[PDB]
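Chemist: Give me the fold of what follows.
(2 chains)
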Amino acid sequence: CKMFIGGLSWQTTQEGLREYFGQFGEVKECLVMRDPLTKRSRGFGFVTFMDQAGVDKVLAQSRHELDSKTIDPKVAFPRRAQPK
RNA sequence: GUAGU
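Modeler: Numbering: from 1, shown residues only, chains lettered A, B, ... in the order given. This is the structure:
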């Protein structure tokens, strides 16, 4: 599982991602790659599902939209989470 | 308003 989420609004948050992505399955993780000085979302983030069956639905649907902006969700390039 | 560990 795990997906990159492009085309977001500058008003989108990772709680707002969970609010939209909870329609396809329970999310295991959500992120928005925002600037900490200007609070701009950069127009993108990430979401992980508790099962692949939520990833399957997000790929199978032809269009997505959050805060009146067309979003572009896709399979995430592999990475390793760091402990803290 | 589009690539993170």
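Chemist: Give me every residue in chain A lying close to RNA strand B.
Modeler: A:2, A:4, A:6-11, A:31, A:33, A:41-44, A:46, A:69-70, A:72, A:74-82 (CB under 7 Å from any atom of the strand). Quick note: C-beta positions are derived from backbone N, CA and C, even for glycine.
Chemist: Now, of those residues, which are buried?
Modeler: A:2, A:4, A:8, A:41, A:43, A:44, A:46 (16 or more other CB atoms under 10 Å).
Chemist: Which one of those is nearest to residue A:53?
Modeler: residue A:2 (13.7 Å; CB to CB).
Chemist: Run through the residues that contact the closest one.
Modeler: By CB atoms under 8 Å, 6 or more residues apart in numbering, the contact set of residue A:2 is A:29, A:46, A:47, A:48, A:49, A:55, A:75, A:76.
Chemist: re the thing from before, closest to residue A:23 among the buried ones among the residues of chain A next to RNA strand B?
Modeler: residue A:8 (16.3 Å).
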